[PDB]
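Consider the single chain below, provided in structure tokens and representing the form deposited in one PDB entry.
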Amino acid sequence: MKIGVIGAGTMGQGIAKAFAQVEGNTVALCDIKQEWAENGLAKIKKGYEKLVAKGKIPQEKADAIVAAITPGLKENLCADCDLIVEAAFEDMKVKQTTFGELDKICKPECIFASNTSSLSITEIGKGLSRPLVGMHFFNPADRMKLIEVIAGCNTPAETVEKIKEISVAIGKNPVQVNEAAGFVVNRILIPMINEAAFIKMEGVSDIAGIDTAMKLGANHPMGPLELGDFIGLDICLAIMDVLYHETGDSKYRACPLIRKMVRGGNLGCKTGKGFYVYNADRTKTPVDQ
């Protein structure tokens, strides 16, 4: 099958990889600009020469993967595609027009899916001719094997089974989700990080104490403060506000301490500082000390 992947950003690249990894699957990596298409494609090229050179990929397998992936922009490429997985800018009117255009571009049998974490799958596919489903990947999508199959108000049960079967065609475990804010993982995980920021804000414990408590007591792989610096605190803060706005419940109000840090650019690793300082010399120190 042929798969069109809208958006050549970090999530788009990882989704292109997840399909190119298998077999006869072809990936049309479209974006706004062919420059931005091949940009993401050169990024896919770079990594996939590395795990060659570290005895982790043969080469005639690393090459056949970038070979199934053809970049470019849509319109050109998505007419024959079997499935669209859009991974563009988490913006309602973007996704709506993008899907309106592809609605006349793609063949009638193409399945429409979006990777959105924070927008209504149902609202995205309102005035359309074909069902719109949610196919939620987890970065890096080419390694992580969970798929949340988001069902919308009008998404037929068959459109769901098809995605679950495709997911099981590329190596993932699909979990069915009837549309609600934060689905399952975000709705549970992000408020974990929020609670940790409230615990630090109220002088209950320190940054490093909270994280070693959470990983030696719940045997988690990371502390929640660590984890949020790794997700990006602007991601965390945005998820909290979606939950809060979708529910009307103060239970999901964001820690003011997260909204302060994000206002200051202290977003975590990607900005060198959030709850920890990632030193130009590689290691990790809590801003407590």
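Residue indices: 1-based, along the sequence shown.
Form deposited with a small molecule bound: not shown, discussed below.
**OP:** Give a yes or no on whether each residue among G7, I32 and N139 has a heavy atom within 4.5 Å of the small molecule in the bound PDB entry.
**Re:** The answer is yes; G7, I32 and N139 each reach the small molecule.
Original post:
Which among 250-258, 231-239, 59-67, 217-225 is in contact with the small molecule in the bound PDB entry, heavy atoms within 4.5 angstroms?
Top reply: Careful reading of the contacts points to 231-239.
Original post:
Pick from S117, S167, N194, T155: which has a non-hydrogen atom within 4.5 Å of the small molecule in the bound PDB entry?
Top reply: Of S117, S167, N194, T155, the residue with a heavy atom within 4.5 Å of the small molecule in the bound PDB entry is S117.
Original post:
Can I147 be called a contact residue for the small molecule in the bound PDB entry at 4.5 Å between heavy atoms?
Top reply: No, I147 stays farther than 4.5 Å from the small molecule in the bound PDB entry.
Original post:
At the 4.5 Å heavy atom threshold, is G268 in contact with the small molecule in the bound PDB entry?
Top reply: Answer no; every heavy atom of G268 is more than 4.5 Å from the small molecule in the bound PDB entry.
**OP:** Verify the contact flag for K200: yes if a non-hydrogen atom of it lies within 4.5 Å of a non-hydrogen atom of the small molecule in the bound PDB entry, no if not.
**Re:** No.
Original post:
Within a 4.5 Å heavy atom cut-off, is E90 in contact with the small molecule in the bound PDB entry?
Top reply: Heavy-atom contact with the small molecule at 4.5 Å: present for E90.
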